[PDB]
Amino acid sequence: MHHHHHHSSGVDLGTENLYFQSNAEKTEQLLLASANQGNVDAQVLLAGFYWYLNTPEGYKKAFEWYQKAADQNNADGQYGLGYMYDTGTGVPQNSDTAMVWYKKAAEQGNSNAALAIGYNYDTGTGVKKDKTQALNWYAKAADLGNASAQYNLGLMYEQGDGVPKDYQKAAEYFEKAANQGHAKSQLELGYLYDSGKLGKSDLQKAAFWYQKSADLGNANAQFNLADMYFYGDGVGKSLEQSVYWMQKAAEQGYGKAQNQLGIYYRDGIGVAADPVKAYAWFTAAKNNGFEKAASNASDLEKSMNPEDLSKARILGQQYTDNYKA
């Protein structure tokens, strides 16, 4: 009498092909077959498979298999146990147990283990803060090629944290990490060149490294590069490229970039002027904590008719919702 409205409807209706299957169960059984025969490489792979399920039961099985691998003296298994104990993942948190496993792994040349140890000394989590120990363990990890450790040492020499400030040494560490694709190191190295702190500003190098970090999705680097194109710093001035990169940063919810893009639309910089879009970007910026955007939005209201203001406020909500870090 009304249940004629219960028929299924497209989306939850339609013939099923290979798109609806999943390889998960098959990959687990393939890995389990080998892991249950004692193959340590398979035990490490299977532990990582379980790790990736992000469930409490998944982390408990990850722990079981890293343990089997670590009992064969495998440094990946030892690192895995170290990290699980250190964070209380799949097992009760214990920093001292974690340190024992990390040290075994690092002695075998696992650079993430050396990094984790250095980080605990750096921050005093589980052990007493000791910047000398942090420095030594980070240096071990960096000499094994670990980009995060190289980055961390860059930060320490650039800030003088437990070492005397040395921007040249910082730039050398950052560049090792930057050459491996570490986007935050590329950003920091770009800034060192931008700033002149190395002796004389090198804006071409700054823009080069900001572009690398921007291509990897770093919103600060996208803002910085957009700004380089606005000024013609180390690249030829291009308002069109400035808009392109500013829009990328603003679509990550970066309030500073949203406000700047609002200015571009307000004043017709690299784009045709559009008060509706300008107001919407200032609104998103304000919603994201950029206080100066609020008055930017206020000032625009004065010159916008009520239809446009309504559309702008709705678009501003859309931009707030859809653009996140």
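All residue numbers refer to positions in the sequence shown, first residue = 1.
Asker: Mind pulling up the entry and telling me whether 263-271 or 51-59 has the higher mean Cα temperature factor?
Answerer: The recorded data point to 51-59.
Asker: On mean Cα temperature factor in this entry, is 87-95 or 230-238 the higher one?
Answerer: Stretch with the higher mean C-alpha B-factor: 87-95.
Asker: Between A280, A35, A257, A69, where does the Cα B-factor run highest in the record?
Answerer: That would be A35, according to the entry.
Asker: Out of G80, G217, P164, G253, which one has a C-alpha B factor higher than all the others in the entry?
Answerer: Across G80, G217, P164, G253, the entry lists the biggest C-alpha B-factor for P164.
Asker: Among the chain's modelled residues, which third holds the C-alpha B-factor of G154?
Answerer: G154: CA B-factor falls in the lowest third of its chain.
Asker: Using the temperature factors of the C-alpha atoms in this entry, rank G181 within its chain: lowest, middle or highest third.
Answerer: Ranked within chain, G181 CA B lands in the lowest tercile.
Asker: Would you check the entry's CA temperature factor for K129 and let me know if it's in the chain's lowest, middle or highest third?
Answerer: It belongs to the highest third of the chain when residues are ordered by C-alpha B-factor.
Asker: By the recorded C-alpha temperature factor, relative to the other modelled residues in its chain, which third is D122 in?
Answerer: Highest third.
Asker: In terms of the chain's CA B-factor thirds, is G190 lowest, middle or highest?
Answerer: It falls in the bottom third of the chain.
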